[PDB]
(Lines of atoms letter the chains of each structure in order from A and count residues from 1; the text may use other names and numbers.)
(Lines give C-alpha, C1' and ligand atoms only; values in the text may rest on other atoms or scores of the structure.)
Protein backbone atom coordinates (compact mmCIF):
# COMPACT_ATOMS: atom_id res chain seq x y z
CA UNK A 1 0.00 0.00 0.00
CA UNK A 2 0.92 3.68 -0.37
CA UNK A 3 2.42 5.49 2.63
CA UNK A 4 2.17 9.25 3.13
CA UNK A 5 5.77 10.50 3.11
CA UNK A 6 4.58 14.14 3.17
CA UNK A 7 1.12 15.79 2.81
CA UNK A 8 -0.73 14.24 -0.16
CA UNK A 9 2.43 12.58 -1.45
CA UNK A 10 2.40 8.76 -1.21
CA UNK A 11 5.11 6.18 -1.82
CA UNK A 12 4.62 2.47 -2.44
CA UNK A 13 5.84 0.52 0.61
CA UNK A 14 9.23 -0.98 -0.33
CA UNK A 15 8.12 -4.49 0.68
CA UNK A 16 5.79 -4.67 -2.33
CA UNK A 17 6.93 -6.91 -5.21
CA UNK A 18 6.55 -3.97 -7.63
CA UNK A 19 8.89 -1.80 -5.53
CA UNK A 20 11.50 -4.59 -5.33
CA UNK A 21 11.32 -5.23 -9.08
CA UNK A 22 11.78 -1.52 -9.84
CA UNK A 23 14.80 -1.32 -7.52
CA UNK A 24 16.29 -4.38 -9.25
CA UNK A 25 15.56 -3.29 -12.85
CA UNK A 26 16.27 0.46 -12.80
CA UNK A 27 19.52 1.77 -14.26
CA UNK A 28 20.86 5.30 -13.97
CA UNK A 29 23.66 7.02 -15.90
CA UNK A 30 26.05 9.83 -14.98
CA UNK A 31 26.58 12.91 -17.24
CA UNK A 32 29.20 11.31 -19.50
CA UNK A 33 26.80 8.42 -20.25
CA UNK A 34 23.57 10.45 -20.49
CA UNK A 35 22.04 13.37 -22.47
CA UNK A 36 21.29 15.61 -19.48
CA UNK A 37 23.53 17.20 -16.87
CA UNK A 38 22.22 15.59 -13.70
CA UNK A 39 24.05 13.37 -11.19
CA UNK A 40 21.95 10.31 -12.03
CA UNK A 41 19.76 10.04 -15.14
CA UNK A 42 17.16 7.32 -14.45
CA UNK A 43 16.74 5.51 -17.79
CA UNK A 44 13.11 4.60 -18.58
CA UNK A 45 14.44 1.92 -20.97
CA UNK A 46 15.70 -0.12 -18.02
CA UNK A 47 12.00 -0.46 -17.16
CA UNK A 48 10.38 -0.95 -20.60
CA UNK A 49 13.01 -3.50 -21.65
CA UNK A 50 12.12 -5.52 -18.53
CA UNK A 51 8.99 -7.60 -19.41
CA UNK A 52 8.39 -8.62 -15.79
CA UNK A 53 8.72 -5.06 -14.49
CA UNK A 54 6.53 -3.60 -17.25
CA UNK A 55 3.82 -6.19 -16.54
CA UNK A 56 4.01 -5.54 -12.77
CA UNK A 57 3.44 -1.81 -13.36
CA UNK A 58 0.48 -2.53 -15.67
CA UNK A 59 -1.14 -5.02 -13.27
CA UNK A 60 -0.73 -2.89 -10.16
CA UNK A 61 -2.09 0.35 -11.66
CA UNK A 62 -4.94 -1.35 -13.56
CA UNK A 63 -6.00 -3.10 -10.33
CA UNK A 64 -5.72 0.23 -8.52
CA UNK A 65 -8.03 2.05 -10.93
CA UNK A 66 -10.54 -0.82 -11.22
CA UNK A 67 -10.98 -0.80 -7.43
CA UNK A 68 -11.14 3.00 -7.42
CA UNK A 69 -14.47 4.73 -6.84
CA UNK A 70 -15.38 6.94 -8.49
CA UNK A 71 -13.36 5.37 -11.33
CA UNK A 72 -11.07 7.52 -13.55
CA UNK A 73 -12.51 8.55 -16.91
CA UNK A 74 -9.21 9.45 -18.62
CA UNK A 75 -5.46 8.89 -18.45
CA UNK A 76 -3.31 11.88 -19.50
CA UNK A 77 0.29 10.96 -20.32
CA UNK A 78 3.25 13.31 -20.74
CA UNK A 79 5.31 13.42 -23.97
CA UNK A 80 7.10 11.14 -24.36
CA UNK A 81 7.90 8.84 -21.46
CA UNK A 82 4.36 9.00 -20.13
CA UNK A 83 3.28 7.51 -23.48
CA UNK A 84 5.16 4.36 -22.48
CA UNK A 85 2.92 3.50 -19.52
CA UNK A 86 -0.44 5.19 -20.08
CA UNK A 87 -1.86 3.24 -23.09
CA UNK A 88 -1.32 -0.22 -21.55
CA UNK A 89 -3.33 0.86 -18.51
CA UNK A 90 -6.00 2.74 -20.48
CA UNK A 91 -6.57 -0.21 -22.83
CA UNK A 92 -7.45 -2.44 -19.86
CA UNK A 93 -9.61 0.16 -18.11
CA UNK A 94 -11.22 0.84 -21.49
CA UNK A 95 -10.86 4.61 -21.16
CA UNK A 96 -9.27 7.27 -23.40
CA UNK A 97 -5.54 7.98 -23.31
CA UNK A 98 -4.99 11.71 -23.88
CA UNK A 99 -1.65 13.19 -24.94
CA UNK A 100 0.04 16.20 -23.36
CA UNK A 101 2.53 17.57 -25.90
CA UNK A 102 4.14 20.82 -27.05
CA UNK A 103 1.98 22.79 -29.49
CA UNK A 104 4.17 21.96 -32.49
CA UNK A 105 3.48 18.25 -31.86
CA UNK A 106 -0.29 18.35 -31.18
CA UNK A 107 -3.22 18.41 -33.63
CA UNK A 108 -6.57 20.22 -33.45
CA UNK A 109 -7.59 23.27 -31.43
CA UNK A 110 -5.32 23.30 -28.39
CA UNK A 111 -5.26 24.62 -24.83
CA UNK A 112 -1.79 25.74 -23.66
CA UNK A 113 -0.44 25.72 -20.09
CA UNK A 114 0.97 28.78 -18.31
CA UNK A 115 4.27 27.87 -16.60
CA UNK A 116 5.77 30.09 -13.91
CA UNK A 117 8.84 32.19 -14.65
CA UNK A 118 12.12 30.34 -13.96
CA UNK A 119 14.43 30.97 -10.96
CA UNK A 120 18.15 31.99 -11.09
CA UNK A 121 20.36 29.42 -12.87
CA UNK A 122 16.93 28.82 -14.36
CA UNK A 123 16.22 26.13 -17.01
CA UNK A 124 13.39 27.22 -19.34
CA UNK A 125 9.93 25.80 -18.43
CA UNK A 126 7.90 24.10 -21.16
CA UNK A 127 4.53 25.26 -22.45
CA UNK A 128 2.45 22.09 -22.88
CA UNK A 129 -0.92 21.43 -24.54
CA UNK A 130 -3.87 19.04 -24.92
CA UNK A 131 -6.52 19.22 -27.63
CA UNK A 132 -9.48 21.40 -26.72
CA UNK A 133 -12.25 19.04 -25.66
CA UNK A 134 -10.10 15.93 -25.23
CA UNK A 135 -11.19 16.09 -21.57
CA UNK A 136 -14.58 17.47 -20.59
CA UNK A 137 -16.52 18.76 -17.61
CA UNK A 138 -16.87 15.94 -15.10
CA UNK A 139 -13.83 14.02 -16.37
CA UNK A 140 -11.68 12.42 -13.67
CA UNK A 141 -8.14 12.35 -15.02
CA UNK A 142 -5.12 10.36 -13.95
CA UNK A 143 -1.88 12.12 -14.96
CA UNK A 144 1.10 9.83 -15.70
CA UNK A 145 4.83 10.16 -16.45
CA UNK A 146 7.94 8.14 -15.61
CA UNK A 147 9.75 10.49 -13.20
CA UNK A 148 8.58 13.29 -10.91
CA UNK A 149 11.59 15.61 -10.75
CA UNK A 150 11.01 19.40 -10.58
CA UNK A 151 7.30 19.00 -11.35
CA UNK A 152 7.15 21.53 -14.18
CA UNK A 153 5.12 19.35 -16.53
CA UNK A 154 2.97 18.02 -13.68
CA UNK A 155 1.89 21.61 -13.02
CA UNK A 156 1.12 21.97 -16.74
CA UNK A 157 -1.04 18.87 -16.49
CA UNK A 158 -2.89 20.26 -13.46
CA UNK A 159 -3.51 23.59 -15.19
CA UNK A 160 -4.78 21.92 -18.38
CA UNK A 161 -7.17 19.59 -16.51
CA UNK A 162 -8.42 22.51 -14.37
CA UNK A 163 -8.92 24.70 -17.46
CA UNK A 164 -10.97 21.87 -18.99
CA UNK A 165 -13.36 22.03 -16.01
CA UNK A 166 -12.27 18.54 -14.94
CA UNK A 167 -10.57 17.14 -11.81
CA UNK A 168 -7.22 15.44 -11.28
CA UNK A 169 -7.53 12.00 -9.68
CA UNK A 170 -3.79 11.96 -8.96
CA UNK A 171 -0.34 12.48 -10.44
CA UNK A 172 1.36 9.10 -10.80
CA UNK A 173 5.04 8.51 -11.57
CA UNK A 174 7.21 5.40 -11.66
CA UNK A 175 10.05 7.20 -9.88
CA UNK A 176 10.15 10.31 -7.69
CA UNK A 177 13.07 12.54 -6.69
CA UNK A 178 11.83 13.80 -3.26
CA UNK A 179 14.93 16.01 -2.94
CA UNK A 180 13.63 18.34 -5.66
CA UNK A 181 10.45 18.78 -3.56
CA UNK A 182 8.02 18.90 -6.51
CA UNK A 183 5.00 17.71 -4.49
CA UNK A 184 5.79 20.13 -1.63
CA UNK A 185 6.20 23.14 -3.97
CA UNK A 186 3.08 22.38 -6.02
CA UNK A 187 1.11 21.93 -2.78
CA UNK A 188 2.07 25.38 -1.50
CA UNK A 189 2.30 27.50 -4.67
CA UNK A 190 -0.31 30.23 -5.16
CA UNK A 191 -1.72 29.97 -1.61
CA UNK A 192 -2.09 26.16 -1.59
CA UNK A 193 -4.51 26.07 -4.54
CA UNK A 194 -3.24 22.60 -5.47
CA UNK A 195 -3.07 21.36 -1.86
CA UNK A 196 -5.62 18.63 -2.61
CA UNK A 197 -3.74 17.10 -5.56
CA UNK A 198 -2.59 13.60 -4.67
CA UNK A 199 0.85 12.47 -5.82
CA UNK A 200 1.71 8.77 -5.94
CA UNK A 201 5.08 7.25 -6.80
CA UNK A 202 6.12 3.59 -7.11
CA UNK A 203 9.77 4.07 -6.12
CA UNK A 204 11.97 6.83 -4.67
CA UNK A 205 15.34 7.52 -6.28
CA UNK A 206 16.83 7.26 -2.77
CA UNK A 207 16.34 3.49 -3.24
CA UNK A 208 18.69 3.57 -6.24
CA UNK A 209 22.30 2.86 -5.35
CA UNK A 210 25.62 2.39 -7.12
CA UNK A 211 24.39 -1.12 -8.02
CA UNK A 212 21.91 0.59 -10.37
CA UNK A 213 24.64 2.51 -12.25
CA UNK A 214 24.49 1.61 -15.94
CA UNK A 215 27.75 3.45 -16.71
CA UNK A 216 30.43 1.51 -18.58
CA UNK A 217 33.34 1.06 -16.18
CA UNK A 218 36.82 1.97 -17.41
CA UNK A 219 35.52 3.15 -20.80
CA UNK A 220 37.27 6.09 -22.53
CA UNK A 221 35.59 6.27 -25.95
CA UNK A 222 32.69 8.44 -27.24
CA UNK A 223 29.14 8.11 -25.90
CA UNK A 224 27.74 7.87 -29.44
CA UNK A 225 28.95 5.52 -32.19
CA UNK A 226 27.81 5.54 -35.84
CA UNK A 227 26.09 2.42 -37.17
CA UNK A 228 28.92 2.05 -39.70
CA UNK A 229 31.50 1.95 -36.89
CA UNK A 230 29.50 -0.64 -34.92
CA UNK A 231 29.18 -2.73 -38.11
CA UNK A 232 32.99 -2.98 -38.42
CA UNK A 233 33.18 -4.63 -34.97
CA UNK A 234 31.68 -7.91 -36.19
CA UNK A 235 31.74 -10.18 -39.29
CA UNK A 236 29.00 -9.11 -41.71
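Positions refer to the first chain, counted from 1.
S.K.: Higher mean Cα B-factor in the deposited model: 77-85 or 108-116?
M.R.: Higher mean C-alpha B-factor: 108-116.
S.K.: Can you let me know which of the two, 47-55 or 179-187, has the higher average C-alpha B-factor in the entry?
M.R.: The stretch with the larger average C-alpha B-factor is 179-187.
S.K.: For the C-alpha B-factor as written in the entry, point me to the maximum among 93, 124, 144, 161.
M.R.: Of the options given, 124 has the highest CA B-factor in the PDB entry.
S.K.: According to the PDB entry, is the CA B factor of residue 71 in the bottom, middle or top third of its chain, that is, lowest, middle or highest?
M.R.: As the PDB entry reports it, the C-alpha B-factor of residue 71 lands in the highest third of its chain.
S.K.: Looking at the C-alpha B-factor of residue 131, is it in the lowest, middle or highest third of its chain?
M.R.: Lowest third.
S.K.: Taking the C-alpha B-factors as the PDB entry records them, is residue 199 in the lowest, middle or highest third of its chain?
M.R.: It falls in the bottom third of the chain.
S.K.: Using the B-factors in the PDB entry, rank residue 101's C-alpha atom against the chain and give the third, lowest, middle or highest.
M.R.: CA B-factor rank for residue 101: lowest third.
S.K.: Is the Cα B-factor recorded for residue 12 in the lowest, middle or highest third of its chain?
M.R.: CA B-factor rank for residue 12: middle third.
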